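First, one chain by itself in structure tokens, the form deposited in one PDB entry.
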């Protein structure tokens, strides 16, 4: 008896959190079927209408993975990335995979926004934290990416493109070892169109794909970062399909990654992620999530997925 009404959604959620226990299905039936933008209007309407803070109430009413997914869904796009990078770096351990996932997949523009926001939210620069929590070549790649200075044009410099391919090839022909800085320079600095052309040229002169050379010539998180960049440049949806596969295959589940990817990409390219997932693994993302998770947690996850393939 109306279209999208933030106030009405606010009432549904409040009712769901009232009384003994919590009607999580009511919560899902609303939030999982609203856009990130709409969820922000709901937060505003809830505080206006109820005089309480929606995020605080959700946190006090929910727990575990279900809580993590719902709160993630409720967080504005930029702030979610910022809070995920911070979480990746707090504590003794560092979630380098998360750092790579975010820094290799977001545009230089989105990264610049994440930068300023990181600074305002915590008081330190994203770069400083990266420098403190990572080292050597991997640190350098992240420092470059985090600054968001990658060429944003679509300009193709023929001469430079040919030289880049050569430098990359020669980098894997050095006696002492792989001239890793070359990979960093080319893969972190050039614009997409230029890089994609460089990959073709590389293939021509080396008779091998850049990805296979990266896998045999480099290792560790540095290797992962380069691969992430290449994959995100060529077929970003496939990169996330793989990310999701790795988080669910074999004993257990990397819930942090599973949740972040499903939440962050739900409104961006989930359909294409699903297509690539089935192509790569023969199974549908839906079937994988369904058999690797459970509870209301699984329910919201399957909905973010969108349906079986």
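Residue numbers count along the first chain shown, from 1. We call the rigid core whatever largest set of C-alpha positions still superposes within 1.5 Å between the two forms.
Beyond what is shown, the protein has a form deposited in another entry; the following relates to that form.
Participant: Considering only 142, 126, 171, 165, which residue exhibits a C-alpha shift of no less than 2 Å between this form and the one not shown, with the rigid core used for superposition?
Facilitator: The residue that shifts is 171.
Participant: State yes or no: after fitting on the rigid core, is the Cα displacement of residue 106 between this form and the one not shown at least 2 Å?
Facilitator: It does not, since the residue 106 C-alpha is displaced less than 2 Å between this form and the one not shown after the core fit.
Participant: Would you say residue 185 moves between this form and the one not shown, meaning its CA shifts by 2 Å or more once the core is fitted?
Facilitator: Yes.
Participant: Given that the CA-CA distance for residue 178 and residue 242 shifts by 3 Å or more in that other deposited form, does it become closer or farther?
Facilitator: Their C-alpha distance grows by at least 3 Å in that other deposited form.
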